[PDB]
Amino acid sequence: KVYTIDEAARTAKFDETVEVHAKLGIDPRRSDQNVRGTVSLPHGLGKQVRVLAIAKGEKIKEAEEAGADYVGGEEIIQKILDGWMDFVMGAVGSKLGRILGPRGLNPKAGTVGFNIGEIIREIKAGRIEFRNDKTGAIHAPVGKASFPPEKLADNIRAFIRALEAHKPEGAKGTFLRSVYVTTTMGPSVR
Amino acid sequence: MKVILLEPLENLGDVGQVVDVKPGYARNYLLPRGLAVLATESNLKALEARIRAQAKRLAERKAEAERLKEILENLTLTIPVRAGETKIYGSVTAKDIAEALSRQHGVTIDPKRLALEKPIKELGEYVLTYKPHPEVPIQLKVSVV
Amino acid sequence: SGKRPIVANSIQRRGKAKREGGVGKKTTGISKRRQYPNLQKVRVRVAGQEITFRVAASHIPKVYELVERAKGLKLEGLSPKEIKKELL
RNA sequence: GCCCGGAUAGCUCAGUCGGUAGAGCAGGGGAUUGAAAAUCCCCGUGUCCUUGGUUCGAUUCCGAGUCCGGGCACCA
RNA sequence: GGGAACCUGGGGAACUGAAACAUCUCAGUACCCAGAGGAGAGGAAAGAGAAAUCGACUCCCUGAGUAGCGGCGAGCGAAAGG
RNA sequence: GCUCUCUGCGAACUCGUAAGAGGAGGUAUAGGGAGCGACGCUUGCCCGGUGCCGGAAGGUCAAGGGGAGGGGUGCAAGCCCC
RNA sequence: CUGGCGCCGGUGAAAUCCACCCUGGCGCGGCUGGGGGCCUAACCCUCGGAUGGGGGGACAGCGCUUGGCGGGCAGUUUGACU
RNA sequence: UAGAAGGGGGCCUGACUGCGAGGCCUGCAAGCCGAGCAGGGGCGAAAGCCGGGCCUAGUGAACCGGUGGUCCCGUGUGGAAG
Ligand SMILES: [Mg+2]
Ligand SMILES: [Mg+2]
Ligand SMILES: [Mg+2]
Ligand SMILES: [Mg+2]
Ligand SMILES: [Mg+2]
Ligand SMILES: [Mg+2]
Ligand SMILES: [Mg+2]
Ligand SMILES: [Mg+2]
Ligand SMILES: [Mg+2]
Ligand SMILES: [Mg+2]
Ligand SMILES: [Mg+2]
Ligand SMILES: [Mg+2]
Ligand SMILES: [Mg+2]
Ligand SMILES: [Mg+2]
Ligand SMILES: [Mg+2]
Ligand SMILES: [Mg+2]
Ligand SMILES: [Mg+2]
Ligand SMILES: [Mg+2]
Ligand SMILES: [Mg+2]
Ligand SMILES: [Mg+2]
Ligand SMILES: [Mg+2]
Ligand SMILES: [Mg+2]
Ligand SMILES: [Mg+2]
Ligand SMILES: [Mg+2]
Ligand SMILES: [Mg+2]
Ligand SMILES: [Mg+2]
Ligand SMILES: [Mg+2]
Ligand SMILES: [Mg+2]
Ligand SMILES: [Mg+2]
Ligand SMILES: [Mg+2]
Ligand SMILES: [Mg+2]
Ligand SMILES: [Mg+2]
Ligand SMILES: [Mg+2]
Ligand SMILES: [Mg+2]
Ligand SMILES: [Mg+2]
Ligand SMILES: [Mg+2]
Ligand SMILES: [Mg+2]
Ligand SMILES: [Mg+2]
Ligand SMILES: [Mg+2]
Ligand SMILES: [Mg+2]
Ligand SMILES: [Mg+2]
Ligand SMILES: [Mg+2]
Ligand SMILES: [Mg+2]
Ligand SMILES: [Mg+2]
Ligand SMILES: [Mg+2]
Ligand SMILES: [Mg+2]
Ligand SMILES: [Mg+2]
Ligand SMILES: [Mg+2]
Ligand SMILES: [Mg+2]
Ligand SMILES: [Mg+2]
Ligand SMILES: [Mg+2]
Ligand SMILES: [Mg+2]
Ligand SMILES: [Mg+2]
Ligand SMILES: [Mg+2]
Ligand SMILES: [Mg+2]
Ligand SMILES: [Mg+2]
Ligand SMILES: [Mg+2]
Ligand SMILES: [Mg+2]
Ligand SMILES: [Mg+2]
Ligand SMILES: [Mg+2]
Ligand SMILES: [Mg+2]
Ligand SMILES: [Mg+2]
Ligand SMILES: [Mg+2]
Ligand SMILES: [Mg+2]
Ligand SMILES: [Mg+2]
Ligand SMILES: [Mg+2]
Ligand SMILES: [Mg+2]
Ligand SMILES: [Mg+2]
Ligand SMILES: [Mg+2]
Ligand SMILES: [Mg+2]
Ligand SMILES: [Mg+2]
């Protein structure tokens, strides 16, 4: 309706299963997609994200008190390597090939937050709020969302997952909205 | 081709029904056989005429069947039928149930429309219903002497 | 060829062009010859009595409208003039 | 100059909506045969055009490059 | 039905020119036909075109061989405004 | 006189813009076109190329249908274009 | 759901359920298209003179438009040196 | 023409941009040579040499279009079409 009807999501449990499933358009010419790492988002979700810090044996006091549950160092590089079940996720910034214990035993891992001062701080914002959701080959889209606890607040999907419209060449029309999850899903103009 | 049907047809029958047909069909069948006419304002409005004009003129015997029912519904005649206890001597027909009524109050009643199946022939307190469509139950109080 | 209501028939020309388009390179013209555009005629039989017109068949309808006029006059053999004329 | 299909064994051509590279013929080794064919057997050999990129991996999927073959329109 | 031309409409060439020729030219000319009359035609804006603009139409002088059109050849050629 | 061939009848074919006419008040033992040329004895081989006849597949193919996608404008809906 | 949890242990990738979607197919609906039959009423041909009866029949015919064949006919071109 | 225009090697890209005194040849219009100035470069310590090739053949006015580019024009204004 008009813009959106966040409240329209009126059974189950904590309905955090809300999403942005609006369609898309393949890549015009030589291109693709990519979700902005930790897409700001005017929300916090009240999540205790288990942010992993590719630190070492020195950053084990603040890497934990910066918004992360737990953090490991280099005594788990080739330690959690003798099992296909032993091994968030950051990475050693710069040209460092962190792709040694991360290039083998496939999940999600790329760019992260930088701060050669300490893993924790009062300026440790944006590192437990939003994340990503890029191309899906079949049709990317498919984003995240808060839960059944907000009026027009849940309308973040807009200037956020919707304003994600920033990376794209030209050979169609990025559209065909649809929002929600784990119950059903409606749709309105974007 | 917008046209007004006359004879009832299949998929387009109700007369006076404005329906769109193939130019040709209209031109070489419906129109030539006088089964319809060109939905031209001229005829179209003239149709509306036969529409309202009769849509109320038939809704007339409906406005009077109501400005009637409100009286024969409460009013009872009471016939001075010469009888003895049960069996009457000369059954009371509508014409009497009408005569003894029109010439008793001044109201006109059809010696057929009354919706009667037999001239009774047995005193009592009879209550019936006039005709057609919505009914107006007139009652009759046949006494002796 | 005639016309009834409507009216007659022009005499067009021609164009034999053998060329690009002006959306690639030029476009020259082979020959102009005198064509004759006959006026898509067509005949109509109508009930006024037993009448026949040769409507420019783009006006066929006008035939009827003109029929939709009971000028109040018995036989005359043709009764077209009135029709085709008291017309308009 | 635009629109189509292509490049795979020596040759002629296949093919999964990503998992092995396969036919027919030529050619060689054998049987049979008056002669010569036709039959009958076993193979032999691959950067799947060149580059990247996609994917855990690509004959294949997409970008781009070169050669090849088909179709259509121009030509001052 | 007739009438020297003149006029309006409907039809409508070629020779020539292009130093050949087909577009183009000659030319809407010659001619044919219908019709009008002392004239015929046109004529009171669904106009013009850049002017806070003009104000039916027709004729003459300009505008102007300009603007343009054109195998951008030969050659053709306005309108507004005054 | 022989052969090939077209023609089922509103024939084919010819004339005419048309109406219509001829064909023919005929109907395949009839009409039209072609070539050879009484009669006798005969009339070989070649469908590569051309023509004609035959082929409800494929190839190519103009309007038109179709709209992936793009462009010009506006604040917009839209209007327009390829 | 009203009895499967869900990780399992492994696998590149994990199963309940909700989604939006790639591939292909099926089933009702919108809007456009093709081919087959039947009919009559336009149109056409006929019928002791029919406001009709037969035959043909949305084809034919004819208008506008597309592309093709096309010396049947027309306009032309087919250089110079020597 | 070896007192190199020939043979080899190292760095290069002047097979530049703006221009152009003065001439050769010559019916026209074409063709040819060219010192020097400016800019920003190459090679050499330097003087210097460098606007293609030892030199003369290897080529085609205009018109009509095609691709780019840009200070220009763009029909009342802006943008477009051109
Ligand atoms: Mg294991
Ligand atoms: Mg898709
Ligand atoms: Mg051409
Ligand atoms: Mg029409
Ligand atoms: Mg009249
Ligand atoms: Mg009129
Ligand atoms: Mg070419
Ligand atoms: Mg392909
Ligand atoms: Mg292939
Ligand atoms: Mg090959
Ligand atoms: Mg292959
Ligand atoms: Mg091969
Ligand atoms: Mg083959
Ligand atoms: Mg074989
Ligand atoms: Mg063999
Ligand atoms: Mg063999
Ligand atoms: Mg062999
Ligand atoms: Mg061999
Ligand atoms: Mg050998
Ligand atoms: Mg053999
Ligand atoms: Mg063999
Ligand atoms: Mg091998
Ligand atoms: Mg090979
Ligand atoms: Mg390879
Ligand atoms: Mg290999
Ligand atoms: Mg060429
Ligand atoms: Mg006179
Ligand atoms: Mg001429
Ligand atoms: Mg001439
Ligand atoms: Mg001449
Ligand atoms: Mg001559
Ligand atoms: Mg006078
Ligand atoms: Mg006068
Ligand atoms: Mg007048
Ligand atoms: Mg103007
Ligand atoms: Mg003048
Ligand atoms: Mg002229
Ligand atoms: Mg003037
Ligand atoms: Mg005869
Ligand atoms: Mg014959
Ligand atoms: Mg003959
Ligand atoms: Mg002879
Ligand atoms: Mg003999
Ligand atoms: Mg022989
Ligand atoms: Mg032959
Ligand atoms: Mg043959
Ligand atoms: Mg055939
Ligand atoms: Mg089309
Ligand atoms: Mg189209
Ligand atoms: Mg638009
Ligand atoms: Mg399970
Ligand atoms: Mg959906
Ligand atoms: Mg899909
Ligand atoms: Mg597919
Ligand atoms: Mg189906
Ligand atoms: Mg079915
Ligand atoms: Mg019949
Ligand atoms: Mg009949
Ligand atoms: Mg037809
Ligand atoms: Mg000739
Ligand atoms: Mg001439
Ligand atoms: Mg010549
Ligand atoms: Mg000579
Ligand atoms: Mg050197
Ligand atoms: Mg000179
Ligand atoms: Mg040279
Ligand atoms: Mg040299
Ligand atoms: Mg020229
Ligand atoms: Mg030209
Ligand atoms: Mg304008
Ligand atoms: Mg303008």
# chains A, B, ... in the order shown; residues from 1 in each chain; ligands from 1

call {"tool": "interface_residues", "arguments": {"of": "chain D", "to": "chain A", "cutoff": "12 Å", "atoms": "only C-alpha atoms (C1' of nucleotides)", "output": "count of residues only"}}
result
8

call {"tool": "residues_near_ligand", "arguments": {"ligand": "ligand 34", "cutoff": "9 Å", "atoms": "only C-alpha atoms (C1' of nucleotides) and all ligand atoms", "output": "PDB file with N, CA, C and O atoms (P, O5', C5', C4', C3', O3' and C1' of nucleotides), in the first residue's frame"}}
result
ATOM      1  P     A E  41     -16.836  32.694 -60.679  1.00  0.00           P
ATOM      2  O5'   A E  41     -15.318  32.643 -60.195  1.00  0.00           O
ATOM      3  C5'   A E  41     -14.489  31.537 -60.559  1.00  0.00           C
ATOM      4  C4'   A E  41     -13.074  31.761 -60.108  1.00  0.00           C
ATOM      5  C3'   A E  41     -12.868  31.961 -58.617  1.00  0.00           C
ATOM      6  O3'   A E  41     -12.735  30.727 -57.942  1.00  0.00           O
ATOM      7  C1'   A E  41     -11.714  33.632 -59.815  1.00  0.00           C
ATOM      8  P     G E  42     -13.462  30.517 -56.533  1.00  0.00           P
ATOM      9  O5'   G E  42     -12.629  31.455 -55.567  1.00  0.00           O
ATOM     10  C5'   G E  42     -11.221  31.283 -55.444  1.00  0.00           C
ATOM     11  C4'   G E  42     -10.617  32.473 -54.745  1.00  0.00           C
ATOM     12  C3'   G E  42     -11.236  32.845 -53.407  1.00  0.00           C
ATOM     13  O3'   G E  42     -10.643  32.069 -52.363  1.00  0.00           O
ATOM     14  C1'   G E  42     -11.007  34.774 -54.764  1.00  0.00           C
ATOM     15  P     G E  43     -11.532  31.613 -51.105  1.00  0.00           P
ATOM     16  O5'   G E  43     -11.944  33.007 -50.451  1.00  0.00           O
ATOM     17  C5'   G E  43     -10.952  33.823 -49.814  1.00  0.00           C
ATOM     18  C4'   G E  43     -11.553  35.122 -49.349  1.00  0.00           C
ATOM     19  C3'   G E  43     -12.858  35.010 -48.589  1.00  0.00           C
ATOM     20  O3'   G E  43     -12.617  34.700 -47.224  1.00  0.00           O
ATOM     21  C1'   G E  43     -13.001  36.744 -50.200  1.00  0.00           C
TER      22        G E  43
END

call {"tool": "residues_around", "arguments": {"residues": "residue 101 (chain A)", "least_positions_apart": "6", "cutoff": "9 Å", "atoms": "only C-alpha atoms (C1' of nucleotides)", "output": "ChimeraX atom specification"}}
result
/A:77-78,80-81

call {"tool": "write_last_selection", "arguments": {"atoms": "C-alpha atoms", "output": "compact mmCIF listing (two decimals), in the first residue's frame"}}
result
# COMPACT_ATOMS: atom_id res chain seq x y z
CA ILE A 77 45.00 -21.28 12.47
CA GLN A 78 46.25 -24.84 11.86
CA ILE A 80 41.20 -26.23 13.99
CA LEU A 81 42.61 -27.68 10.77

call {"tool": "residues_near_ligand", "arguments": {"ligand": "ligand 47", "cutoff": "8 Å", "atoms": "only C-alpha atoms (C1' of nucleotides) and all ligand atoms", "output": "VMD selection string"}}
result
chain F and resid 53 to 55

call {"tool": "residues_around", "arguments": {"residues": "region 23-40 of chain F", "least_positions_apart": "3", "cutoff": "7 Å", "atoms": "only C-alpha atoms (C1' of nucleotides)", "output": "count of residues only"}}
result
3

call {"tool": "select_by_dssp", "arguments": {"residues": "chain C", "states": "alpha helix (DSSP H)", "output": "list in words"}}
result
residues 60, 61, 62, 63, 64, 65, 66, 67 and 80 of chain C

call {"tool": "write_last_selection", "arguments": {"atoms": "N, CA, C and O atoms", "output": "short mmCIF file (atom, residue, chain, number, x, y, z; two decimals), in the first residue's frame"}}
result
data_model
loop_
_atom_site.label_atom_id
_atom_site.label_comp_id
_atom_site.auth_asym_id
_atom_site.auth_seq_id
_atom_site.Cartn_x
_atom_site.Cartn_y
_atom_site.Cartn_z
N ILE C 60 -21.25 3.36 -46.06
CA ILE C 60 -22.37 2.42 -46.10
C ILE C 60 -23.40 2.82 -45.04
O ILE C 60 -24.59 2.99 -45.34
N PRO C 61 -22.96 3.01 -43.78
CA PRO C 61 -23.87 3.40 -42.71
C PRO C 61 -24.85 4.50 -43.10
O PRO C 61 -26.06 4.39 -42.89
N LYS C 62 -24.31 5.56 -43.68
CA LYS C 62 -25.14 6.67 -44.09
C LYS C 62 -26.32 6.16 -44.88
O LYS C 62 -27.37 6.79 -44.91
N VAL C 63 -26.17 5.01 -45.51
CA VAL C 63 -27.28 4.47 -46.27
C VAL C 63 -28.46 4.31 -45.35
O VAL C 63 -29.55 4.83 -45.63
N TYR C 64 -28.23 3.59 -44.25
CA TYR C 64 -29.27 3.33 -43.27
C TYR C 64 -29.85 4.59 -42.66
O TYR C 64 -31.05 4.80 -42.73
N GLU C 65 -29.00 5.42 -42.05
CA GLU C 65 -29.48 6.65 -41.45
C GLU C 65 -30.50 7.25 -42.40
O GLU C 65 -31.61 7.60 -42.01
N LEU C 66 -30.11 7.34 -43.67
CA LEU C 66 -30.99 7.89 -44.69
C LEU C 66 -32.25 7.02 -44.82
O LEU C 66 -33.30 7.51 -45.25
N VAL C 67 -32.15 5.74 -44.48
CA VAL C 67 -33.33 4.87 -44.55
C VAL C 67 -34.17 5.17 -43.32
O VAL C 67 -35.40 5.16 -43.38
N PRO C 80 -35.42 7.66 -54.65
CA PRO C 80 -34.02 7.76 -54.23
C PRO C 80 -33.70 9.24 -54.02
O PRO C 80 -33.19 9.62 -52.98
#

call {"tool": "closest_residue", "arguments": {"among": "C:87, C:75, C:56, C:8", "to": "chain G", "atoms": "only C-alpha atoms (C1' of nucleotides)"}}
result
C:56

call {"tool": "residues_near_ligand", "arguments": {"ligand": "ligand 54", "cutoff": "10 Å", "atoms": "only C-alpha atoms (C1' of nucleotides) and all ligand atoms", "output": "ChimeraX atom specification"}}
result
/D:17 /G:22-24

call {"tool": "write_last_selection", "arguments": {"atoms": "N, CA and C atoms (P, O5', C5', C4', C3', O3' and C1' of nucleotides)", "output": "PDB file, in the first residue's frame"}}
result
ATOM      1  P     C D  17      20.848 -31.252 -21.517  1.00  0.00           P
ATOM      2  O5'   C D  17      20.597 -31.290 -19.937  1.00  0.00           O
ATOM      3  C5'   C D  17      21.537 -30.708 -18.982  1.00  0.00           C
ATOM      4  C4'   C D  17      21.349 -29.206 -18.904  1.00  0.00           C
ATOM      5  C3'   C D  17      21.861 -28.476 -17.660  1.00  0.00           C
ATOM      6  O3'   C D  17      23.253 -28.163 -17.754  1.00  0.00           O
ATOM      7  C1'   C D  17      19.728 -27.652 -18.331  1.00  0.00           C
TER       8        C D  17
ATOM      9  P     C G  22      12.729 -16.185 -12.748  1.00  0.00           P
ATOM     10  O5'   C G  22      14.144 -16.696 -13.274  1.00  0.00           O
ATOM     11  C5'   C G  22      14.255 -17.905 -14.030  1.00  0.00           C
ATOM     12  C4'   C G  22      15.586 -18.563 -13.772  1.00  0.00           C
ATOM     13  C3'   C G  22      15.750 -19.879 -14.504  1.00  0.00           C
ATOM     14  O3'   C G  22      16.150 -19.661 -15.849  1.00  0.00           O
ATOM     15  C1'   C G  22      16.316 -20.181 -12.234  1.00  0.00           C
ATOM     16  P     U G  23      15.125 -20.010 -17.039  1.00  0.00           P
ATOM     17  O5'   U G  23      15.090 -21.603 -17.033  1.00  0.00           O
ATOM     18  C5'   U G  23      16.244 -22.364 -17.435  1.00  0.00           C
ATOM     19  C4'   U G  23      15.939 -23.839 -17.404  1.00  0.00           C
ATOM     20  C3'   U G  23      14.615 -24.254 -18.030  1.00  0.00           C
ATOM     21  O3'   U G  23      14.708 -24.380 -19.452  1.00  0.00           O
ATOM     22  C1'   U G  23      14.896 -25.327 -15.925  1.00  0.00           C
ATOM     23  P     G G  24      13.461 -23.958 -20.381  1.00  0.00           P
ATOM     24  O5'   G G  24      12.458 -25.186 -20.254  1.00  0.00           O
ATOM     25  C5'   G G  24      12.846 -26.492 -20.708  1.00  0.00           C
ATOM     26  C4'   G G  24      11.978 -27.553 -20.075  1.00  0.00           C
ATOM     27  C3'   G G  24      10.476 -27.357 -20.190  1.00  0.00           C
ATOM     28  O3'   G G  24       9.984 -27.792 -21.447  1.00  0.00           O
ATOM     29  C1'   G G  24      11.030 -27.991 -17.969  1.00  0.00           C
TER      30        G G  24
END

call {"tool": "interface_residues", "arguments": {"of": "chain C", "to": "chain E", "cutoff": "10 Å", "atoms": "only C-alpha atoms (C1' of nucleotides)", "output": "ChimeraX atom specification"}}
result
/C:11,28-32

call {"tool": "interface_residues", "arguments": {"of": "chain C", "to": "chain F", "cutoff": "12 Å", "atoms": "only C-alpha atoms (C1' of nucleotides)", "output": "ChimeraX atom specification"}}
result
/C:1,23,36,38

call {"tool": "interface_residues", "arguments": {"of": "chain F", "to": "chain A", "cutoff": "10 Å", "atoms": "only C-alpha atoms (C1' of nucleotides)", "output": "list in words"}}
result
residues 68, 69 and 70 of chain F

call {"tool": "residues_near_ligand", "arguments": {"ligand": "ligand 28", "cutoff": "9 Å", "atoms": "only C-alpha atoms (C1' of nucleotides) and all ligand atoms", "output": "count of residues only"}}
result
4
